[PDB]
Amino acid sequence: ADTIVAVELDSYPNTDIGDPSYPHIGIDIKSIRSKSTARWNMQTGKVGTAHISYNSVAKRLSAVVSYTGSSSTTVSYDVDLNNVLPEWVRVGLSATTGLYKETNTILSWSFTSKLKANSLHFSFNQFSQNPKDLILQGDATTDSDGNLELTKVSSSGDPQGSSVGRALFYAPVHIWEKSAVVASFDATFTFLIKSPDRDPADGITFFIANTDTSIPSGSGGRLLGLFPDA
């Protein structure tokens, strides 16, 4: 079973598995049952931005999601990630649609990791047709507009249900080493969630996992393509 650390943008309330009764963003530490969550005032059809950051001294994983012209949503959790994650990891984005759907379009994504100092940084303001520097899993694809469509969309751009997909950066990341003075990382991605459904689903996540991580079987829908069970 993979080891997962993620920040979820949960658009669909799955109260039968721990979610609060409303769209929310949360911090998941080895389980879909977020250790911390904050109400997320979604704005489908509007481009949002998510920023995630962490450093080994403060030991506080934080995330902020926002849209232009509106107050943001933030969430944090005190945790020693070096204790949870292996020294080497791959970082990525995931998304899923189930009975209900939504577009899980990524317009841009950047990540920076520093180990005190060695470093890894990448930035995509648009994605290439054949992103050789990305590992596409499931239905994840990049469209003609240079955007990353984590889940299946029609020619018109209309979302489809029962879809799952993720994109991991090709190169493993060394997030920690013995005696390391300080290790830190931060990620940012812009997204566009659209949907005809009264209640869109299921969400998008930025996650960090073991380097050989793959879509767990039965991880569709509410499990955001990250966990095998609830």
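So that there is no doubt, residue numbering starts at 1 and follows the sequence shown.
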* Answer with none, 1 to 3, 4 to 9, or 10 or more: how many deposited residues between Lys116 and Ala117 are not present in the coordinates. => 4 to 9
* **Mean Cα B-factor comparison, 20-28 or 203-211, giving the higher one as deposited** => 20-28
* Could you check the entry and say whether 106-114 or 128-136 has the higher mean CA B-factor? => 128-136
* Structure fact -> When the entry's CA B-factors for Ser72, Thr141, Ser76, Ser123 are compared, the highest one belongs to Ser72
* To do: Sort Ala180, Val173, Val65, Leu61 by C-alpha B-factor from the entry and give me just the highest.
  => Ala180
* Sorting the chain's modelled residues by C-alpha B-factor, tell me whether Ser36 ends up in the lowest, middle or highest third. => middle
* To do: Determine, from the deposited record, the chain-internal third of the Cα B-factor for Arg198: lowest, middle or highest.
  => highest
* Can you work out whether the C-alpha temperature factor of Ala95 puts it in the lowest, middle or highest third of the chain? => lowest
* Tell me, lowest, middle or highest third: where does the Cα B factor of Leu168 rank within its chain? => lowest
* Asked: Among the modelled residues of its chain, does the C-alpha B-factor of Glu87 lie in the lowest, middle or highest third?
  -> lowest
